[PDB]
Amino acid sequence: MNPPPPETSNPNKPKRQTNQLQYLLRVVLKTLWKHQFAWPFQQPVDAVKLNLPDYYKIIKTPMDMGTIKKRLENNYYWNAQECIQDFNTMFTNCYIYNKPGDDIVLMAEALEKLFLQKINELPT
C-alpha cells in the first residue's frame, strides 16, 4: 500500500544554493523538526504500518519533512519557493485526509503556525 517515496535526488534537475534555502534548513526545518508534534511528519506516511490502504488513494502528492530535510541537505531545490511549496503540500495533505479537530490536524496546525512565524522574516 506504500508508493515509492518522493525523490530526494535528481542529477539532471538544476540546483541552486541561496540564502533563503540555507535559512529554510538551518532555522525553519530544524525548529519544526524539534517540535513535540513533529514526529508524524518526520517520514512518509507508512500506510502498511498504519493499515490505511486508503491514504495514498486520497493523497496523490505526498510530502513529509524527512523528504524536505533530505532535499534541503542534498541541495535539491532551485529556490525557496519550491521548498515552501513542499511544506504547504504536507500541511494541505493532512487537512484533506483527516477531519477538523482530529489530533493529527491539531499537530499540523501547530506546526504550520510555527512555520509561518519563521518564514515571516526570510533573509534576502
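Take the two forms, superpose them, and find the largest set of C-alpha atoms that agree within 1.5 Å; that set is the rigid core. Throughout, we count residues from 1 along the sequence that is shown.
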After superposing on the rigid core, the stretch whose C-alphas lie farther from this form in 8 other deposited structures of this protein, comparing 95-103 with 45-53, is 45-53
On mean Cα temperature factor in this entry, is 36-44 or 22-30 the higher one? 22-30
Please compare 70-78 with 89-97 and say which has the higher mean C-alpha temperature factor in the record. 70-78
Ranked C-alpha temperature factor of residue 108 among modelled chain residues, by third: lowest
Consider only the C-alpha atoms of the modelled residues in this chain, order them by B-factor as the entry records it, and name the third containing residue 58: lowest, middle or highest. middle
